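Here's the letter readout for the chains.
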Amino acid sequence: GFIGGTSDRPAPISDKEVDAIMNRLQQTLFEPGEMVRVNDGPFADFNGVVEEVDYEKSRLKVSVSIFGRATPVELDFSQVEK
Amino acid sequence: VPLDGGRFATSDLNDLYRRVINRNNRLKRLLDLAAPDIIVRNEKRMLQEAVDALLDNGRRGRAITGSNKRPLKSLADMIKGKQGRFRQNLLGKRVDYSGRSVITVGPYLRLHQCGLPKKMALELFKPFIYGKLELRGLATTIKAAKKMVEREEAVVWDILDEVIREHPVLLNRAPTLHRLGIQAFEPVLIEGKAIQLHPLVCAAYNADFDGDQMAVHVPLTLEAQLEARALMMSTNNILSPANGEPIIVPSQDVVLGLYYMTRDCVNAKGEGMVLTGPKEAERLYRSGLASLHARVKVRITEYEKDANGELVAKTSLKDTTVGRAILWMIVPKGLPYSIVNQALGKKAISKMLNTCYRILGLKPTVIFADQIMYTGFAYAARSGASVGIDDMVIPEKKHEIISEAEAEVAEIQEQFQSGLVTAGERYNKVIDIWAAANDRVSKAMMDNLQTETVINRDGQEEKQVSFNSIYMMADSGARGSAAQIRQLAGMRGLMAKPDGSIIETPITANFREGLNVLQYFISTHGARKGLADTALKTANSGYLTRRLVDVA
Amino acid sequence: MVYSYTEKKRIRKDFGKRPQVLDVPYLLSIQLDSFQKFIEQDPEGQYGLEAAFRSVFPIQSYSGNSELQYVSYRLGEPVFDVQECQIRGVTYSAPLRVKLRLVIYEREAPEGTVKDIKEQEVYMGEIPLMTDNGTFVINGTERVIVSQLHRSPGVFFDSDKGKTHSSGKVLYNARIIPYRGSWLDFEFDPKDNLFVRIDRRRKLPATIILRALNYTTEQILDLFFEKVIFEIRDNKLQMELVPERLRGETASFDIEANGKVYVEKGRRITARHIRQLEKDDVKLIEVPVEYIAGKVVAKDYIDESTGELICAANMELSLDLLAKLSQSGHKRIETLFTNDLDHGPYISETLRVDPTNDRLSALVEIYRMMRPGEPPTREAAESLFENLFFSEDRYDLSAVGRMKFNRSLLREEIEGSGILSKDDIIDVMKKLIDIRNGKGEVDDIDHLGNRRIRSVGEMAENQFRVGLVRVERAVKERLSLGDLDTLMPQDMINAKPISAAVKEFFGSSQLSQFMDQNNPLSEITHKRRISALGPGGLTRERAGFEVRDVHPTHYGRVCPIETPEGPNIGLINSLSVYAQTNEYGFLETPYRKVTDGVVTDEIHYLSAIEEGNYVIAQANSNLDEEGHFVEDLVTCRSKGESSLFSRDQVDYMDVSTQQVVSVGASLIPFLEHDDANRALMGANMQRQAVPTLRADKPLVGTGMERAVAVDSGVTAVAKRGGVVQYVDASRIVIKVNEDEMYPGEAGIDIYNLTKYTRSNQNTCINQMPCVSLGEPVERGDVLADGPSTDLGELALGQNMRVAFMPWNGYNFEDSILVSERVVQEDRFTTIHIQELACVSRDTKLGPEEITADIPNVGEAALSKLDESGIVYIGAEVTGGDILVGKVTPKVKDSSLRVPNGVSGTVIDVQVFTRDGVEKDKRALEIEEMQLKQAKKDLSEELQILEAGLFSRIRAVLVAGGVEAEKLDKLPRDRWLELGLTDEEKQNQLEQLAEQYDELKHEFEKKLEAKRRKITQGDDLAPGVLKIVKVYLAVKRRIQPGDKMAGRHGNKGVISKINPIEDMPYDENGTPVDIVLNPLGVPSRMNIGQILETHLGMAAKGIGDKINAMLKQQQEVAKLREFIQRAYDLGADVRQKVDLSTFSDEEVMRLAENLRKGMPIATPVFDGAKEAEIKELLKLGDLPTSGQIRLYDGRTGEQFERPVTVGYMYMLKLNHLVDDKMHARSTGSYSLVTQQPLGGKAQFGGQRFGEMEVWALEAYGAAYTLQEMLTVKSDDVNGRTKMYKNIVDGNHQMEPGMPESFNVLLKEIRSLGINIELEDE
DNA sequence: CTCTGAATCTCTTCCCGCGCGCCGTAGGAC
DNA sequence: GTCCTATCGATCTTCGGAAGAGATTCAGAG
């Protein structure tokens, strides 16, 4: 049901509340040393540490624990989990 | 906690906290995004109700659940309740160094001993055994000591037989209504797997041995051992704390043995001679020259402690029976002969034992009780007092007592057939006539039971007390009182409906004869009423006990 | 009389007197006939899944303007049979396929459909099936659903004294209980105001319903009250008098007219006054205005001129009102009859309490009180009211409900609709008001005429209906919103709700009892069990003496003896031997139709309600063999009361003395001589006996075994008559005689007997043959004895020779002394088959493996392991040995070590592996073994059938051109065109050749399918890769602590295994086996134990005489001469046997089965009297006293006075000590609180309860308590420092503080409470 | 006009050990 | 198929508990 003062008569919202909602309905940098998780791919949801900055390529490069080493692995930007 | 496979067992509080956190985070998100007043009010109401569910789930309009309507337990649920911490984990908690087993009667045990299986002893006294393996130097350390204990080496049994020497064990049948239900016993190793219990103690535990389990706890520290031996030992609890009544009241079989041994017969083998002392009597019996119930004159000697406390020996000739003279060899040196010169029964023996505790003391009393139990068992075995259908006696007049009494009811019916009586008066006359008939049947049956013995004393028949098996069982007070023999040999009598009305037509049969179908169906009313009464009252009694302990 | 061949091996002597006119019916039909009524389709759709569908389908969307309607359902065959399904662990079920016809109508046109889509029996769900033994297989686990007993739908009237306000008065309350819908209760207020409620909601005025039913106050008052008239003609307010309305009452005012005054003021009224008045034509009489003032008017009367209310319904009149209204023009006044004793104002009192006005007001009040927080609306209050009691979705009186309802209203017709009607509710209210006036009687709730039995085929139907209701709820919306064009009926529905509902019912319902397969008796007594618990019933903690106690109508329907005493006495009952369920669900029992003065052989079943209308003769009455009662007057029960009635007045007679008992009590001999308490204990214990290794027979039984063992479904029974051809203790093959052979079928019937298999109680259930090669059998004969059965007769235990005497106290008051001989003979040894499983899962770190290469293990334990890593079958193992070589990745030594204590032989290992993962070597070997066995079985079947078929073909070729040379020349298969004329013999050959080709293809397809099934990678369902099952056989013997019991409620643990020397021996040197206690016979009124024992002695004595006459080479004529005498002895017994017709072959055969004692039958209430026991003892050389003298083995002396000795049948109860002895030093500890674990399967310690704490406090023991509750259990640091000190030999504790208490503190600190310790 | 009665509502309570057996989040979107 | 969010946010939770006591509402009247 509706949300209002009483169940007999649910109430409208407001004059300005409608306008505000119609207004909105109309209207994070990878730091070196930061620990993130991969967002997608075979490495998604893993404990990784940033190793270098692939900034201007809209990319990323995060150390991972493979082969018992912190091997250098490069990923896309949308693989961040902050 | 995880379960079988890659899953973790559901936790109620975790889920309540999860609901609360999610709702509150949503409220924060909205207040950051400036949601309309109606939405934030609804979110605040939901958050309040979620905190309510976290705190005291069930005080809400309806408890939440994540299963087949099994409501989730809250914090207040974990605090109180029969499964709550207070009565589940604080007041009563599971203890290590304990076990349980099915008990059985060991008559050979002393009053202060109990037999325990070797396996249970080894599994309870493991650390003590380690404490010897190092002390004996037979084992290097725990690592090898446990291995040797596993090896059940024949030397390990010598270690157990040394460890268990004087270490009491607590035995605790449950339900332990009164303090006498927990007692300490000196253990002795037994080959089997059942716990050997003493006969005289089983009365205190109310322990019938028809598959009754019982638990053992091992007192570890020094003070615990001393406390067990000083406060909870079997021999330290011979009087009941509820009244001046012994808790070692002689068992059902022992009293039968003593009743059979001290009884006297009119004419018997070895009658009338003179015996120079109890020992000579015993020899006579064991040579078969005399009967146990034979009447004889034996020179008895008794000691009576003066007012100051020193025994005065007096010797005399006494007219008594061979059985009594034999039993007198067990009674301690402080009592008058008049206690054993009578056919002892569950009442008469009990006061006897009490008098011993009144005069001699605790230490003579315990050994006297053990000796009484031994003698009773031996001579009850010698008695061979079997029971058979030949022993249930129907008085011959019973058929007449029925044939008249029913006829009288007919007259009460005839008045009703003539309008000369009211409805209720007919009922309350018929039932009273039937009750009078039941009394007559019972009296004739009892008289016949006692009269069934008549014997010739060198001339002319003379009657005497009956050696009928059922009669000795009833008269000794072992089992089967008058109300039982009356149902076995008189008539079952009247019965009551579930609404309590007296049946106008009594169960005129007795269990020796066959009961018909309707009579048995009538009996089922009372049987099930009694069983349901027991099953329901066993709970209210316990609740009353809890209220009393928690008020006092 | 003719004796069957299974019967014609031991002709059990019978002591019955009455001729059994009706044999005991099939004991499990209670289950089967219900599920048969469930699964079977029926054009009378009722009583089945079709009923559930028609109750739902057709289903339509009103906005959709389109429907879908059920056409038909056909049930697919089960994928796996019972055996395979139990082995793999899946459920045994069948797939349900339902034809749905989706019709799409058209807008702007009549309902002429644009298109209809009939789906070809779309899949709907998997419904479990009832195996022929009457049990369902759900997860390999075998379950039985107990039939429930609950209040029948209808109307019930009740009242109580003291329980309500205690003020002497009783409050009468009526309830209407529909089969599916809302409860409706009418009740009287303490001030006689009548109100109503729904589902026990708040009290609402009763008349508001009639306002909801659109009745004016005028209509209601006319419906309920009588009219008394006054007129303003010929005089001021003369009264129309009904003299009968004046009776008993004192005439408190003057009434006189027409000469004689009938009754003056101040006097009562009698009948002669009524007669004088009736002669007087009292249609008008004089009464004072005061009497006219006390009346209350019946109708509204407005001022005719102004049109304003001058009088209204239920308005109380007065003198001035009378003058005014008559002046207004209403000269005929009508008032309500309101005699206090006779015509109470209860409805008017409700009018005085009613705050509502009319139908709109009625709906408003009903809506507000029904749904607080919901606003009323005219269109919506109807949507609530009609759905309450008039709409099918939420109201349905069942057929039984409507029948019971009309019976309660004394209607002439019982066939009525399920929804209530206005006159129906009016009649309910009228009956309630009449009961309030006292002109009727209230019903008894716990009366078998008000409680009816629901069985599996009804509860399952209801659950299926619930599933279908959910499915309809979804698919109505889907069809309303669906486009109806591309949709197909499979899209409309999904099986999940129906499958889930039925699965939950059959898997975890309160009534899906796990079967207690201890023995055949437990199975039977569990399948015919009746429960008052369950959904829609009561609960064990909310029932009182009223429902538990037995009832006079329980006679003949429910066993009053066999109830599980304890928490739920009287709530769980066992159905009587002969009782059967009526069509509506009530319990009916057969009675012999007594015609005038003869008891005819005509059985009519009477229910619980009809029985009160008759007078029923008890089955013990004698008849003169002409059917006439020998007794002139016979005891009979009429209305719960039982009393004497004259002959030829009785109307019916019970059919048998066993009509009152159940099977559990029926097996007990001499039940008549045992107090009902001991009978109950014996009946409860009889189903706990473990099947011994060599169970033989009971010497004294009641003849009920010959049915219980047959109907139990555990023995292999010959389906048809024939001759045995081959037996190998596994498969018995019978050459079924041609008289019952199908013309084309094989004509030879196998029987693959089941060998050692674990039961629900971990017991063995192997069946062993009893027939011999070449023996003829008839349909229904028992071929193979199951567990606890022998020669077709149920035999739970062994008949031990017992003596009643005290023996040094080793039999002290419950204990039992057992000779070493009985344990030397393996009398009581029994096999326990335990099942241990080693699972292996595809963990997150990788897949696990099963291998003999386990890490961190030496070859000592690998000795029992194979090259693959599983124990070799037949290796003897003890606790701690490794049975499976499992390994886990990332390595860990997780492997199955034998549980501590148990030891035995590994007799079976089944490894189920999820495919994809490779199969271990031993799994390959086991699978190949299974495949070889299956191929051998199929090949043997086909080859033996081919031998029989070719022999039949050659037999056909005997006549019709027999040519021996051309017949043995070629192989027998090349007989396609053998020389035979153009007749029908070649037609038979062609028919059988097509049959042989069909058998060939069937052999091929079955072999390939079986190979695929066996080779199939078994579905290890949740993330698991392989499981290894192991079965261990433990041959448990008898030891002190084990529990044995008789059939008479005698039970006890064996206290000593006495050696043979110490046992008493009689003058013949035979030692007794068991020494029981004598002091117990009286106290526990079970004197039966000492007639049976006596009889048992004689029962062996006859055998003792036969054995000699068999050991000594007596001539058969003499042997027969003796045995016949032993049989013809007794009264005019029902059983009569003439051994003459036995041809001496069956005489010797009977003796060989009789030399171990002639079995004797003693029916429950038609048993042997003592005079016959004495006669039988006299037949032997045994003493007529029954008691013998014994000699003590230790001293050679003779016991004084003889003792009772005989052969009592003893049973080993399933409570042996080795399953219960336990002790714990140190081990697992719980997590949340560090107290030790609890249990036996877990290494746990005993719980020290609050009562034990109180007892310790009763002594001064404080150190003991402190240790017990801190060091032993709770303080983690302390219990280690204690361990160290104990090893060091210091014996000192440091208690610290019990961790649990700290946990409590955190638990309180998690609230808004700051509770903390304090220093001072 | 609201003071002492009852009268009707909600909340809380119900012996104790033992031993098995089984059963144990759901729907729909990428 | 796996991985995510959430609770009949178009129902009807079971009438087959007694009881025992406070708490909360309602009468007859001072």
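By the method listed in its record, cryo-EM, this PDB entry was determined to a resolution of 3.3 Å.

Undergrad: Any chance you could explain the overall build of chain B here in plain terms?
TA: When its secondary structure is counted, chain B shows 20 helices and twelve strands. For 552 residues, the compact-globule estimate of 2.2 N^0.38 gives 24 Å, and chain B exceeds it by more than 25% at 35 Å. The dimensions of chain B, computed from C-alpha atoms along their principal axes, are 120 × 95 × 50 Å. Looking at chain B as a whole, 49% of its 552 residues qualify as buried. The long-range fraction of contacts in chain B, counting pairs at least 24 apart against all pairs at least 6 apart in sequence, stands at 63%. Just so you have it, chain B exposes about 26700 Å², and 52% of that area is on carbon and sulfur atoms. Computed over 75 positive and 62 negative side-chain charges, the inter-centroid distance for chain B is 8 Å.

Undergrad: I tried to follow the pattern of salt bridges on my own but got confused; where do I start?
TA: Any two side chains of opposite charge can pair, so long as their charged atoms come close to each other. Scanning all chains against the criterion turns up 89 salt bridges over all chains. The partner of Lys93(B) in a salt bridge is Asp1274(C), with the nearest N and O atoms 2.7 Å apart. A residue pair is termed interchain when its members come from two chains, as with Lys93(B) in strand 1 (residues 93–94) and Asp1274(C) in the loop between helix 32 (1263–1271) and helix 33 (1276–1288). A salt bridge links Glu1200(C) to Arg382(B); the nearest nitrogen and oxygen atoms lie 3.4 Å apart. Taken together, the residues span two chains, with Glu1200(C) in the loop between strand 58 (1190–1191) and strand 59 (1203–1212) and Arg382(B) in helix 15 (residues 362–383). Its relative accessible area of 23% is what places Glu1200(C) among the partly exposed residues.

Undergrad: Can you help me understand the sheet that holds strand 15 (residues 204–205) of chain C in this one?
TA: Within a sheet, each strand pairs with its neighbour through backbone hydrogen bonds, oriented either parallel or antiparallel. Residue and element names in this part refer to chain C. Taken together, five strands build an open sheet; the order of strands is 10-11-13-14-15 and the sheet is antiparallel. One side of each edge strand has no neighbouring strand; the edge strands of this open sheet are strand 10 (154–158) and strand 15. Across five bridges, strand 13 (residues 184–188) lies against strand 14 (residues 194–198) in antiparallel orientation. Opposite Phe 188, over in strand 14, you have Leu 194 as the bridge partner. On top of the sheet, helix 9 (residues 346–353) reaches strand 13, strand 14 and strand 15; it is set at about 70 degrees to strand 14, its chief contact.

Undergrad: Any chance you could explain the protein's contact with DNA strand E here in plain terms?
TA: Residues and elements named next belong to chain C. Surrounding DNA strand E, one finds 15 residues, the nearest of these being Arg 175, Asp 199, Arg 394, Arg 451 and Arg 542. Contact between DNA strand E and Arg 451: a base oxygen at 3.0 Å from a side-chain N or O atom of the residue. Within the side chain of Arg 473, one N or O atom sits 3.2 Å away from a phosphate oxygen of DNA strand E. Tallied by class, the residues present in the surface near DNA strand E amount to four nonpolar, no polar and eleven charged.

Undergrad: Would you mind going over the interface of chain C and chain B with me for this structure?
TA: As a measure of interface size, the accessible area lost when the parts come together is often cited. With 133 residues of chain C at the interface, the matching set in chain B holds 130 residues. Counting each side, the surface lost to burial between chain C and chain B is near 12200 Å², with a carbon and sulfur contribution of 61%. The interface formed by chain C and chain B contains ten salt bridges. Across the salt bridge formed by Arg512(B) and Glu1170(C), the nearest N and O atoms sit 2.7 Å from each other. Linking chain C to chain B there are 47 residue pairs in polar contact. Residues belonging to the side of chain C that touches chain B are distributed by class as follows: 65 nonpolar, 41 polar and 27 charged. Of the pairings in the sheet, the one linking strand 2 (residues 98–105) of chain B to strand 60 (residues 1222–1224) of chain C comprises three bridges and is antiparallel in character. Residue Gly99(B) lies in a different strand from strand 60 of chain C, and its bridge partner there is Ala1223(C).

Undergrad: Got a minute to help me understand the interface of chain A and chain B in this structure?
TA: Taken together, the five residues of chain A in the interface contact six residues of chain B. Together chain A and chain B conceal approximately 520 Å² of surface at their shared face, both sides included; 67% is due to carbon and sulfur atoms. Ranking the residues of chain A by area buried against chain B places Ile3(A), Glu17(A) and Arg24(A) at the top, with a combined share of 73%. Across the contact surface, chain A and chain B share zero salt bridges.

Undergrad: Would you mind going over the sheet that holds strand 9 (residues 295–305) of chain B with me for this structure?
TA: On the basis of which strands lie adjacent, the open sheet formed by three strands has the order 8-9-10 (chain B) and mixed pairing. The open sheet is flanked by strand 8 (274–275) and strand 10 (311–321) of chain B, the only strands paired with a single partner.

Undergrad: For this particular structure, what's the right way to read a negative patch on the surface?
TA: Residue and element names in this part refer to chain C. Taken together, the side chains of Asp 33, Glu 40, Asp 42, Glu 44 and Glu 583 present a region of like negative charge at the surface. Among the secondary structure elements, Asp 42 is positioned in the loop between helix 1 (29–39) and helix 2 (49–54). Among the residues examined, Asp 42 registers a relative accessible area of 32% and is labelled partly exposed.

Undergrad: How should I be thinking about unusual backbone geometry in this particular structure?
TA: One can expect most non-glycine residues to show negative phi and most peptide bonds to be in trans. Note the cis peptide between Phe57(C) and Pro58(C), where omega equals 0 degrees. Structurally, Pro58(C) is set in the loop between helix 2 and strand 2 (59–61). With a phi close to 60 degrees, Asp45(A) is a non-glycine residue in the positive phi region. By the secondary structure assignment, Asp45(A) is in the loop between strand 1 (35–36) and strand 2 (48–50). Its identity as a non-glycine residue notwithstanding, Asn856(C) has a phi of 60 degrees, on the positive side.

Undergrad: Would you mind going over the nonpolar core with me for this structure?
TA: A general trend in soluble globular proteins is that nonpolar side chains are found buried together. Judged by nonpolar contacts, the single largest core of 230 residues is most densely connected at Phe125(B), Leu171(B), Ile1074(C), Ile1106(C), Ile1123(C) and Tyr1127(C). Those residues within four positions of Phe125(B) in sequence are excluded, and the remaining contacts are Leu116(B), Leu160(B), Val163(B), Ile164(B), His167(B), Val169(B) and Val218(B). Counting 54 residues, the second largest nonpolar core, distinct from the first, contains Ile208(C), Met369(C), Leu388(C) and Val428(C).

Rules behind the numbers
- Residues numbered from 1 in each chain as written, not as in the entry; some residues may be left out.
- Chains lettered and ligands numbered in written order.
- Part of a larger assembly, values for the part shown.
- Heavy atoms only, no water.
- Helix = DSSP H or I, 4+ residues; strand = E, 2+ residues; numbered from the N terminus.
- Rg over C-alpha atoms; globule rule 2.2 N^0.38 Å.
- Buried < 20%, exposed > 50% of the residue type's maximum accessible area, 1.4 Å probe, protein only.
- Contact = heavy atoms within 4.5 Å.
- Areas by Shrake-Rupley, 256 points an atom, 1.4 Å probe, with all protein chains shown as cover.
- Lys, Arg positive; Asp, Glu negative; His and termini not counted.
- Charge placed at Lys NZ, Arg CZ, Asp CG, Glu CD.
- Salt bridge = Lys/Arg side-chain N within 4 Å of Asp/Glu carboxyl O.
- Pairing = 2+ DSSP bridges.
- Axes fitted to C-alpha atoms, helices over the stretch in contact; angles between N-to-C directions.
- Near = heavy atom within 4 Å.
- Polar contact = N/O pair within 3.5 Å; in protein donor to acceptor, adjacent residues only side chain to side chain.
- Nonpolar A, V, L, I, M, F, W, Y, C, P; charged D, E, K, R; others polar.
- Buried area = accessible area lost by both parts, 1.4 Å probe.
- Patch = residues over 30% accessible without salt bridge, like charges linked within 9 Å, V, L, I, M, F, W, Y side chains within 5 Å.
- Core = buried A, V, L, I, M, F, W, Y, C linked by side-chain atoms within 4.5 Å.

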